[PDB]
Amino acid sequence: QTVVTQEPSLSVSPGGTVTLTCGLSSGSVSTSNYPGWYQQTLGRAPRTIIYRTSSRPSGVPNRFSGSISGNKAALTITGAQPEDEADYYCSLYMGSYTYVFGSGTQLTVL
Amino acid sequence: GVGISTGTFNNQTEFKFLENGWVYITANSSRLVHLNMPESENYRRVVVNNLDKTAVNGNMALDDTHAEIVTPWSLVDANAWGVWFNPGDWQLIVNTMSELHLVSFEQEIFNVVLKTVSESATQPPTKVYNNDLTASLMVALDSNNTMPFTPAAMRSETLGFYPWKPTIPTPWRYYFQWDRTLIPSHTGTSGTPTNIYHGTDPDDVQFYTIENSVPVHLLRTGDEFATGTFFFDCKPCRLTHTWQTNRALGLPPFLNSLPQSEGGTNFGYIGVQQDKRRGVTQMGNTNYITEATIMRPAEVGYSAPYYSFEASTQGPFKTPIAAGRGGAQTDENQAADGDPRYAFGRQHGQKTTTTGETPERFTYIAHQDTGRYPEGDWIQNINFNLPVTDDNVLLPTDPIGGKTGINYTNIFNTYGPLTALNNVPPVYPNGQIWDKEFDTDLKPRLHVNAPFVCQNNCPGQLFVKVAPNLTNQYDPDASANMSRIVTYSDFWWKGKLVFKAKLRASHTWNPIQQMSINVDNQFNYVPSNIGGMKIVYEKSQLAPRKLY
Amino acid sequence: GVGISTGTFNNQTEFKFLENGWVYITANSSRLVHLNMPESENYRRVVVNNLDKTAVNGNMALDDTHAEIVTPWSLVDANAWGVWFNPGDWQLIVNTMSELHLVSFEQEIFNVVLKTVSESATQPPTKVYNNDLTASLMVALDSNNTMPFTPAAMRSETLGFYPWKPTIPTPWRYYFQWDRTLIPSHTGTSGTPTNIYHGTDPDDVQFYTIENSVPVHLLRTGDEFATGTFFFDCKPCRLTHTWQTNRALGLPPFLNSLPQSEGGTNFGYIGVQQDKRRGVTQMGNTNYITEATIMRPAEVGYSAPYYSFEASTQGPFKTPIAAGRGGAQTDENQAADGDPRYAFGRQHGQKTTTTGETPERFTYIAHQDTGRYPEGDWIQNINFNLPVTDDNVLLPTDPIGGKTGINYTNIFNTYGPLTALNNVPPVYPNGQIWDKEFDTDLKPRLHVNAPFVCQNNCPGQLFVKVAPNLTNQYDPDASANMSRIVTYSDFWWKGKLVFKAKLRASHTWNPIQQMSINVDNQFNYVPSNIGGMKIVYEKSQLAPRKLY
Amino acid sequence: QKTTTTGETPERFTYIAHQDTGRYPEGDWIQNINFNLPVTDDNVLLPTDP
Amino acid sequence: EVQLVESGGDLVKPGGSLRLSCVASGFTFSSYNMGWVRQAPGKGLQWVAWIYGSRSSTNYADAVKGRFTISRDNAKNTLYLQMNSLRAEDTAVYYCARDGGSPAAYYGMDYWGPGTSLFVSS
């Protein structure tokens, strides 16, 4: 069974740079997986931050950048703001029409 | 009747020389054809599916998924060079002739024999063969070309190349429409790439049957069938190759200094600075006039994405190319895209005494120099500041898409209004002779599988079958398979292929390349001590001709 | 005279059946055309400029900058399928016919009526309409094709599709030369991209006027105008589609093992290792013979950069493609590049009782399978080591130029000498019938907007105008606008379009696709309880034909 | 070339045709099949993209 | 513009059935692939079902195969998720997901709805 692994928790100081990583226990993540990054706040529905590994939906601040680093997907937040503290979830397209979701990373802005 | 022959065996090639250097080449080909009664008397719609093979990431090029109608009929196909010419005839043609025309085709079936097999109940196998004088052979000539065109040479399934070796027809089948999707992957892709067969589009269904489309003749032992002469309207086929690349078109530069002593190290020099020379170039922002930048009338050959696979309604297929790779003549290991590879069995040139399912294979290297050497290609900035720097030049070693094994030449297309190219050369003995033209509104400028293309039409496919020989217990209401008396046929097929050819002329002081027997290839043309024969491939466009 | 009619209303389609399966289809079309006197009696050189829209980064595709000569004349255009055929006639044509020829065209204007409007000074509006028996209608037939060709079907501005609904002509205008530069950008580009309109090149100026170029006829109430019969020289138009992709060309592989039980899970198997098979391939460095690598006569369709915009002297324009997207039939949502989208008003198929400026729209999916499925394409190394690894394969998901939304297929071109494609199918009712050929030295192989192209010429454009009806206070020296009596015209236009068509034949055991009325589309062909009519689009190439 | 000139330097000129069949590649671009406007960075390949 | 609203979430005993309805607005519903994701109380997001193509092809996660059915009605612009044989492990907030790529799918959830809570308890 496909398992997506990402850091359970991460921290970043205000105005700093943080990177959340999303990998596969077996295999590597590529642009063919169409990595997507979604942000969720307490008591609110998920918000799409990145799609197709690089595309942020209109209204998403430019401080969020998606890329493929090594064999994993990377979401970099530069100049992290207090409102960026949330649960970030990674979605991998596992071929055919199957989608898998990562465990999620709780990013807290100090 | 029963004891009267209905035809004569003829396998002679006649060269009747005309006035003005023209010759009629009439090749006669006679074969003994053995046919078994079909495994099934019905038409089957069979889906061949190999999703297991392509489920391995990176194996999408091995896709074999398709759908075919398997028919109870067999196809008699003589559309191969080896069916008509032996190595001596081909040598004469390729050495003494400069161009070849396809004039006419005839075929006929005679001396039909039908035999039934009676197998005894004795524990050790034992059987007898009896003449069934009232049995019939069903012969259908699709002179109207109603049935799908399925040339057998592409599958190495034409008639045998040896007059004295009995041959067989190929069971006939055609493609039925299907829908298929296959997302490409590679070793290292994670997940299961989309790989499904979607079925059939009802608007594209076309179920053909020989019975409903073609008249059928029932030939008994005393009957014969003749198709009648068909006349082609194809273009001439050149038996000469062109050697001139864009670098060898037009007037060479004048050498103001010539070597004073013979030797490989002594070179003539233009004697004028490249930026001080006179001439015409298409580069309007540079004063350099060199052999690579000077204007030429047009472009010889073209570049296309090689080993590119395009996906369509029915799956992925390789993108064809008209010309072979450049440098395959300086290095035979460079033969790849555009250099056709022929694989064949013992009927069609392989050593007849070999054992195993491994076919004999050869890659054909054409003498024409219309190919490309992508390792020597490059792109550079419009500014054209020399010597060019890193960021202003895209080289064949520069990764494209982040892949170090893919460069721009792999996705590079230079076909345009200035492209000039040649038709594919004949491939002996395994190459196809003529091919039907596509029924599209806009038609391709050439075919890569046969030197002759049928503008309007070319002779109808010949289909043969053993008429059902029922037992006394036939019941059409039964869902079980029809019970037939085991029957088979042996009939003599005779064909006449007429070409018109032009005798070559000596245009230069030096002699030209000719095909000759020598110590190395001496035994490729004679049988072994046990009768083992083979037919090795021969090149056709040996002599050169000037392109410009 | 005043009280004598000069023509007859005829809107009947006649099918006169000939010998050998041919039929003459003469479509008669009669309309009542209402024309108002032009807003201005002068020619205007108007520059339309929308730099505000394209100043938004990423909106360069919405460029509308151009220059047009607006003329006081109106264009009478009947170059649309709906002007000539109703759904029943189209059903008969597309179901019973296999090919269509464009034979001839005639048009005429009769029963000219000119009325002046007198508006009273009473505070509540009130007006009367009086016959101006001496007023004239100016009619110009550009039989020499001197004026620019401006077909109205591309703007949905031909005559109405309903015989009983009066229609109008479209005000005529043509393009005047201009220079424009627009550097593309995207959401996130910093700065102001270069966006200027440079004016007009004096060497390209071409100011046309109907008066100086065409004879003009003045038609009073008792006059009529007939253009005379024009005869076309176009190519035949196929009413059949091709389904065969490169994967379905030629002889299928022989299946050594066939299924023993019917069912979707039971497949036939070739029974031979892919590297031990016999056949011909263009890959000279591999022994694999599969459905994707085996040689085919040519290529069906081609790949081109889709949604690519090329900039030229006058700005950016989308690169056209001959064929639609593959997979738009398996998934209607895949219709995009090459699948024409038609937007039209209430005159040309939209529900006549609808309110608002929103047009009725539909994307046309052709039945022909010449399209491409770029998601299933890939490139790989010449070495062809299987399974292919990451660096040796460029997939449609690999970024090109560093952009994750752009892949090689977006910039991929596979057009070549082996490409075979079909002409665009007729689009009913909103599609154009015939189009003038370009006056370039090298001409395109087809047009994407009309199935018939005018090799030499096709009938001159018909222009109508209301002759100036001056008052008693006219002063040509005054710089103010000409003062005219408010005048308008109503005249009957009758046209005859003659086609030659061939009756289709049944080639296969199975039936084919036919257009039929059913419960779902039953009310698309009849008026509503208040008279609301509509004309939904119909597909033309319903029946299949074999490509090879 | 001026017949009285001295030296091996030739007279040169670039010919500009009046026909407007050429292309202005700096104004070309490619973009995604989706065609969502205004187009974003990853959905457009511009002439300035390496 | 693009809005998705889920409804039908309610407390249900184990082994029951429930149909979640998702109403979409601001876009052409039939032109986009839709799906259902779910997040268990205190757990991460988990993909449940996907519906794609003009033919309404459906794919399901292994945890809901045979038990869940994803369908769509383009006339009502609605997406239906019918769950049968509901288990305690199905208790979670179910989110409507819309893919923003019609002719070229993003293969990721472009838009999300507020979600509907489903509680399975005896």
# chains A, B, ... in the order shown; residues from 1 in each chain; ligands from 1
>>> interface_residues(of="chain C", to="chain D", cutoff="8 Å", atoms="only C-alpha atoms", output="ChimeraX atom specification")
/C:56-59,181-188,203,305-313,315-316,336-337,401-406,410-411
>>> interface_residues(of="chain E", to="chain C", cutoff="9 Å", atoms="only C-alpha atoms", output="ChimeraX atom specification")
/E:30-32,53-55,102-104
>>> interface_residues(of="chain E", to="chain A", cutoff="6 Å", atoms="only C-alpha atoms", output="VMD selection string")
chain E and resid 44 46 106 108 114
>>> write_last_selection(atoms="N, CA and C atoms", output="PDB file, in the first residue's frame")
ATOM      1  N   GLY E  44      -5.491  12.858   9.627  1.00  0.00           N
ATOM      2  CA  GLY E  44      -5.197  13.567   8.401  1.00  0.00           C
ATOM      3  C   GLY E  44      -6.201  13.288   7.299  1.00  0.00           C
ATOM      4  N   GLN E  46      -7.804  11.879   3.931  1.00  0.00           N
ATOM      5  CA  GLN E  46      -7.769  10.597   3.242  1.00  0.00           C
ATOM      6  C   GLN E  46      -8.680  10.660   2.027  1.00  0.00           C
ATOM      7  N   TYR E 106      -5.370  18.941 -13.091  1.00  0.00           N
ATOM      8  CA  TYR E 106      -4.272  19.164 -12.160  1.00  0.00           C
ATOM      9  C   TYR E 106      -3.933  17.908 -11.374  1.00  0.00           C
ATOM     10  N   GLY E 108      -5.190  17.147  -8.617  1.00  0.00           N
ATOM     11  CA  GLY E 108      -5.143  17.601  -7.244  1.00  0.00           C
ATOM     12  C   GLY E 108      -6.366  18.434  -6.944  1.00  0.00           C
ATOM     13  N   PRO E 114     -16.920  23.251   2.546  1.00  0.00           N
ATOM     14  CA  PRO E 114     -16.840  23.328   4.014  1.00  0.00           C
ATOM     15  C   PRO E 114     -16.808  21.970   4.689  1.00  0.00           C
TER      16      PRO E 114
END
>>> residues_around(residues="range 23-38 of chain C", least_positions_apart="3", cutoff="8 Å", atoms="only C-alpha atoms", output="number ranges by chain")
C: 9-18, 41, 72-73, 83-85, 159-160, 163-169, 465-468, 486-503
>>> write_last_selection(atoms="N, CA and C atoms", output="compact mmCIF listing (two decimals), in the first residue's frame")
# COMPACT_ATOMS: atom_id res chain seq x y z
N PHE C 9 -41.03 33.33 -54.51
CA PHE C 9 -40.41 32.75 -53.33
C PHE C 9 -40.23 31.25 -53.51
N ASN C 10 -39.00 30.78 -53.36
CA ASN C 10 -38.69 29.36 -53.48
C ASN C 10 -37.68 28.98 -52.41
N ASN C 11 -38.05 28.03 -51.56
CA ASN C 11 -37.17 27.55 -50.50
C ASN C 11 -37.22 26.03 -50.43
N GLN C 12 -37.31 25.38 -51.59
CA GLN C 12 -37.42 23.93 -51.67
C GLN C 12 -36.08 23.32 -52.04
N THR C 13 -35.79 22.17 -51.45
CA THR C 13 -34.61 21.38 -51.80
C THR C 13 -35.06 20.19 -52.63
N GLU C 14 -34.48 20.05 -53.82
CA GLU C 14 -34.82 18.98 -54.75
C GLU C 14 -33.66 18.00 -54.84
N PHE C 15 -33.98 16.71 -54.77
CA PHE C 15 -33.02 15.62 -54.89
C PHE C 15 -33.36 14.87 -56.18
N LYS C 16 -32.67 15.20 -57.26
CA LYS C 16 -32.89 14.56 -58.55
C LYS C 16 -31.87 13.44 -58.70
N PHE C 17 -32.34 12.19 -58.66
CA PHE C 17 -31.44 11.05 -58.64
C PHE C 17 -31.00 10.69 -60.06
N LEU C 18 -29.69 10.52 -60.23
CA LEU C 18 -29.10 10.20 -61.52
C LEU C 18 -28.78 8.71 -61.58
N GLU C 41 -22.57 57.87 -44.67
CA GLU C 41 -22.40 57.67 -46.10
C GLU C 41 -20.94 57.63 -46.52
N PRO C 72 -20.07 52.20 -46.05
CA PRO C 72 -21.52 52.40 -45.98
C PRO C 72 -22.34 51.26 -46.58
N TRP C 73 -21.69 50.22 -47.08
CA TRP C 73 -22.38 49.11 -47.72
C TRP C 73 -22.59 47.96 -46.74
N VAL C 83 -28.35 28.18 -44.10
CA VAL C 83 -29.08 28.99 -45.06
C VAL C 83 -29.74 28.14 -46.13
N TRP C 84 -29.30 26.89 -46.30
CA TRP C 84 -29.68 26.08 -47.44
C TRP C 84 -30.43 24.80 -47.09
N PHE C 85 -30.17 24.22 -45.92
CA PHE C 85 -30.75 22.93 -45.55
C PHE C 85 -31.40 23.02 -44.19
N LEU C 159 -27.07 35.14 -43.63
CA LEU C 159 -28.52 35.26 -43.61
C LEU C 159 -29.12 34.26 -42.62
N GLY C 160 -30.33 34.57 -42.17
CA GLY C 160 -30.99 33.71 -41.20
C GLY C 160 -31.26 32.32 -41.75
N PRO C 163 -36.70 30.08 -43.25
CA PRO C 163 -37.33 30.72 -44.41
C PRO C 163 -38.41 31.73 -44.05
N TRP C 164 -39.16 31.49 -42.98
CA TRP C 164 -40.28 32.34 -42.61
C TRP C 164 -39.88 33.49 -41.69
N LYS C 165 -38.60 33.60 -41.34
CA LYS C 165 -38.13 34.66 -40.47
C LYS C 165 -37.35 35.68 -41.29
N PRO C 166 -37.79 36.94 -41.37
CA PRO C 166 -37.01 37.93 -42.11
C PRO C 166 -35.62 38.09 -41.51
N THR C 167 -34.65 38.31 -42.39
CA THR C 167 -33.24 38.43 -42.01
C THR C 167 -32.72 39.80 -42.41
N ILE C 168 -31.45 40.05 -42.08
CA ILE C 168 -30.81 41.33 -42.37
C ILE C 168 -29.44 41.06 -42.98
N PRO C 169 -28.90 42.01 -43.73
CA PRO C 169 -27.50 41.92 -44.15
C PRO C 169 -26.57 42.49 -43.08
N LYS C 465 -27.01 48.63 -50.50
CA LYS C 465 -26.99 49.92 -49.82
C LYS C 465 -28.27 50.66 -50.19
N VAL C 466 -28.70 51.56 -49.32
CA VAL C 466 -29.83 52.43 -49.63
C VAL C 466 -29.28 53.71 -50.25
N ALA C 467 -29.71 54.00 -51.48
CA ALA C 467 -29.20 55.17 -52.17
C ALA C 467 -29.55 56.42 -51.37
N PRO C 468 -28.67 57.42 -51.32
CA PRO C 468 -28.96 58.61 -50.51
C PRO C 468 -30.28 59.25 -50.91
N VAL C 486 -35.07 59.71 -43.77
CA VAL C 486 -34.93 58.39 -43.16
C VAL C 486 -35.60 57.37 -44.07
N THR C 487 -34.79 56.51 -44.68
CA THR C 487 -35.26 55.55 -45.66
C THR C 487 -34.74 54.16 -45.31
N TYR C 488 -35.52 53.15 -45.67
CA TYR C 488 -35.10 51.77 -45.49
C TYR C 488 -35.72 50.94 -46.61
N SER C 489 -35.22 49.72 -46.77
CA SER C 489 -35.62 48.84 -47.85
C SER C 489 -35.94 47.45 -47.32
N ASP C 490 -36.87 46.79 -47.99
CA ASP C 490 -37.16 45.38 -47.78
C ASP C 490 -37.21 44.72 -49.15
N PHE C 491 -36.33 43.75 -49.38
CA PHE C 491 -36.27 43.06 -50.66
C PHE C 491 -36.15 41.56 -50.44
N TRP C 492 -36.60 40.79 -51.42
CA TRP C 492 -36.56 39.34 -51.33
C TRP C 492 -35.31 38.82 -52.02
N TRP C 493 -34.51 38.05 -51.29
CA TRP C 493 -33.31 37.43 -51.81
C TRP C 493 -33.59 35.95 -52.05
N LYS C 494 -33.29 35.48 -53.26
CA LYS C 494 -33.44 34.07 -53.58
C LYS C 494 -32.13 33.52 -54.11
N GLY C 495 -31.70 32.40 -53.55
CA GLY C 495 -30.46 31.77 -53.97
C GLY C 495 -30.69 30.30 -54.27
N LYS C 496 -29.86 29.78 -55.17
CA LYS C 496 -29.89 28.38 -55.56
C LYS C 496 -28.49 27.82 -55.44
N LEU C 497 -28.31 26.82 -54.58
CA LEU C 497 -27.03 26.16 -54.39
C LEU C 497 -27.16 24.72 -54.87
N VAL C 498 -26.34 24.34 -55.84
CA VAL C 498 -26.42 23.04 -56.48
C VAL C 498 -25.20 22.22 -56.07
N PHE C 499 -25.46 21.03 -55.52
CA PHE C 499 -24.45 20.06 -55.15
C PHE C 499 -24.64 18.80 -55.98
N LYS C 500 -23.57 18.03 -56.12
CA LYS C 500 -23.62 16.69 -56.68
C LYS C 500 -23.10 15.73 -55.61
N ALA C 501 -23.88 14.69 -55.32
CA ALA C 501 -23.56 13.78 -54.24
C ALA C 501 -23.66 12.33 -54.71
N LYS C 502 -22.95 11.45 -54.02
CA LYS C 502 -22.93 10.03 -54.33
C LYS C 502 -23.63 9.26 -53.21
N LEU C 503 -24.52 8.35 -53.59
CA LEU C 503 -25.21 7.53 -52.60
C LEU C 503 -24.24 6.53 -51.98
>>> select_by_dssp(residues="range 234-462 of chain B", states="strand (DSSP E or B)", output="JSON, numbers by chain")
{"B": [237, 238, 240, 241, 242, 257, 269, 281, 294, 299, 300, 308, 309, 310, 311, 312, 315, 316, 317, 318, 337, 338, 339, 340, 341, 342, 343, 344, 360, 361, 362, 363, 379, 380, 393, 394, 400, 403, 419, 420, 428, 434, 435, 436, 442, 452, 453, 454, 462]}
>>> write_last_selection(atoms="C-alpha atoms", output="compact mmCIF listing (two decimals), in the first residue's frame")
# COMPACT_ATOMS: atom_id res chain seq x y z
CA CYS B 237 11.76 3.99 -58.74
CA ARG B 238 15.36 5.22 -58.79
CA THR B 240 20.69 5.39 -57.94
CA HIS B 241 21.48 7.15 -54.67
CA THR B 242 22.29 10.80 -54.00
CA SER B 257 46.34 28.87 -53.05
CA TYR B 269 43.21 27.35 -49.04
CA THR B 281 23.87 34.00 -47.02
CA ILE B 294 26.60 30.20 -47.28
CA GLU B 299 17.61 21.61 -47.73
CA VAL B 300 18.48 17.98 -48.45
CA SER B 308 9.14 9.62 -30.43
CA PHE B 309 5.91 7.75 -29.68
CA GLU B 310 2.60 9.48 -30.41
CA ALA B 311 -0.58 8.32 -28.69
CA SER B 312 -3.92 8.27 -30.49
CA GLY B 315 -2.65 3.65 -28.23
CA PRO B 316 0.97 4.64 -28.84
CA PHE B 317 2.83 4.24 -32.11
CA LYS B 318 6.35 5.19 -33.16
CA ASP B 337 15.77 5.37 -36.52
CA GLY B 338 14.83 5.27 -40.19
CA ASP B 339 17.10 2.29 -40.93
CA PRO B 340 14.53 -0.50 -41.41
CA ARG B 341 15.20 -3.76 -39.59
CA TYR B 342 13.91 -6.95 -41.22
CA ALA B 343 13.28 -10.15 -39.26
CA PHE B 344 12.35 -13.26 -41.22
CA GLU B 360 17.27 -13.98 -39.08
CA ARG B 361 17.61 -10.21 -38.79
CA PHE B 362 19.34 -7.42 -40.67
CA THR B 363 19.29 -3.62 -40.55
CA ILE B 379 21.29 25.90 -32.10
CA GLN B 380 22.65 29.34 -31.24
CA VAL B 393 24.30 27.86 -27.73
CA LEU B 394 22.09 24.80 -27.23
CA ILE B 400 15.95 18.95 -22.20
CA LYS B 403 16.82 14.65 -18.50
CA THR B 419 12.91 20.05 -47.61
CA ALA B 420 13.95 17.72 -50.44
CA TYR B 428 15.83 -7.28 -51.41
CA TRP B 434 3.91 -1.96 -53.87
CA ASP B 435 1.61 -0.54 -51.20
CA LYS B 436 -1.91 0.86 -51.29
CA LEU B 442 -4.39 14.75 -47.84
CA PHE B 452 5.79 1.92 -55.24
CA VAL B 453 2.48 3.35 -53.99
CA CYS B 454 -0.96 2.68 -55.46
CA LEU B 462 -6.26 -13.22 -53.22
>>> interface_residues(of="chain B", to="chain A", cutoff="9 Å", atoms="only C-alpha atoms", output="VMD selection string")
chain B and resid 183 185 188 to 196
>>> closest_residue(among="B:545, B:155, B:101, B:534", to="residue 506 in chain B", atoms="only C-alpha atoms")
B:545
>>> residues_around(residues="residue 323 in chain B", least_positions_apart="4", cutoff="10 Å", atoms="only C-alpha atoms", output="PyMOL selection string")
(chain B and resi 301-304+337-340+366+368-372+421-424+448) or (chain C and resi 282)
>>> residues_around(residues="residue 3 in chain E", least_positions_apart="2", cutoff="7 Å", atoms="only C-alpha atoms", output="list in words")
residues 1, 5, 24, 25 and 26 of chain E
>>> select_by_dssp(residues="range 203-440 of chain B", states="helix (DSSP H, G or I)", output="list in words")
residues 203, 204, 210, 211, 212, 213, 246, 247, 248, 332, 333, 334, 346, 347, 348, 374, 375, 376, 390, 391, 392, 408, 409, 410 and 411 of chain B
>>> write_last_selection(atoms="C-alpha atoms", output="PDB file, in the first residue's frame")
ATOM      1  CA  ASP B 203     -19.423   4.521 -35.001  1.00  0.00           C
ATOM      2  CA  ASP B 204     -16.178   2.898 -36.225  1.00  0.00           C
ATOM      3  CA  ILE B 210     -15.321 -12.491 -47.816  1.00  0.00           C
ATOM      4  CA  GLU B 211     -18.651 -14.173 -48.576  1.00  0.00           C
ATOM      5  CA  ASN B 212     -20.721 -10.970 -48.457  1.00  0.00           C
ATOM      6  CA  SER B 213     -18.147  -8.791 -50.256  1.00  0.00           C
ATOM      7  CA  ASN B 246      23.726  20.813 -48.287  1.00  0.00           C
ATOM      8  CA  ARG B 247      27.494  21.249 -47.863  1.00  0.00           C
ATOM      9  CA  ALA B 248      28.069  20.023 -51.448  1.00  0.00           C
ATOM     10  CA  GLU B 332      27.437   0.664 -38.881  1.00  0.00           C
ATOM     11  CA  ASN B 333      26.575   0.774 -35.164  1.00  0.00           C
ATOM     12  CA  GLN B 334      24.833   4.135 -35.693  1.00  0.00           C
ATOM     13  CA  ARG B 346      13.447 -19.921 -43.088  1.00  0.00           C
ATOM     14  CA  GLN B 347      10.968 -19.309 -45.923  1.00  0.00           C
ATOM     15  CA  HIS B 348      12.300 -15.805 -46.610  1.00  0.00           C
ATOM     16  CA  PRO B 374      22.204  14.800 -34.632  1.00  0.00           C
ATOM     17  CA  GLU B 375      25.385  14.722 -32.536  1.00  0.00           C
ATOM     18  CA  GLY B 376      26.777  17.407 -34.858  1.00  0.00           C
ATOM     19  CA  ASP B 390      27.665  28.773 -23.111  1.00  0.00           C
ATOM     20  CA  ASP B 391      24.315  30.542 -22.720  1.00  0.00           C
ATOM     21  CA  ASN B 392      24.038  31.449 -26.425  1.00  0.00           C
ATOM     22  CA  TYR B 408      16.700  19.053 -28.230  1.00  0.00           C
ATOM     23  CA  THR B 409      17.487  16.895 -31.272  1.00  0.00           C
ATOM     24  CA  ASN B 410      15.162  14.251 -29.818  1.00  0.00           C
ATOM     25  CA  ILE B 411      12.246  16.711 -30.129  1.00  0.00           C
TER      26      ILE B 411
END
>>> atom_distance(atom1="CA of residue 205 in chain C", atom2="CA of residue 173 in chain C")
15.2 Å
>>> residues_around(residues="residue 19 in chain E", least_positions_apart="4", cutoff="10 Å", atoms="only C-alpha atoms", output="PDB file with C-alpha atoms, in the first residue's frame")
ATOM      1  CA  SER E   7     -24.884  18.363   3.120  1.00  0.00           C
ATOM      2  CA  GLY E   8     -26.399  15.153   4.439  1.00  0.00           C
ATOM      3  CA  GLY E   9     -23.899  14.476   7.218  1.00  0.00           C
ATOM      4  CA  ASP E  10     -25.713  13.034  10.222  1.00  0.00           C
ATOM      5  CA  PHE E  68     -19.254   3.576  -1.431  1.00  0.00           C
ATOM      6  CA  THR E  69     -20.695   4.828  -4.718  1.00  0.00           C
ATOM      7  CA  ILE E  70     -19.748   8.197  -6.225  1.00  0.00           C
ATOM      8  CA  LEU E  79     -22.232  15.225  -6.567  1.00  0.00           C
ATOM      9  CA  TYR E  80     -23.603  12.241  -4.640  1.00  0.00           C
ATOM     10  CA  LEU E  81     -21.678   9.951  -2.285  1.00  0.00           C
ATOM     11  CA  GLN E  82     -23.759   6.952  -1.190  1.00  0.00           C
ATOM     12  CA  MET E  83     -22.209   4.928   1.643  1.00  0.00           C
ATOM     13  CA  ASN E  84     -23.619   1.518   2.564  1.00  0.00           C
TER      14      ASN E  84
END
>>> closest_residue(among="B:70, B:75, B:92, B:62", to="residue 149 in chain B", atoms="only C-alpha atoms")
B:75
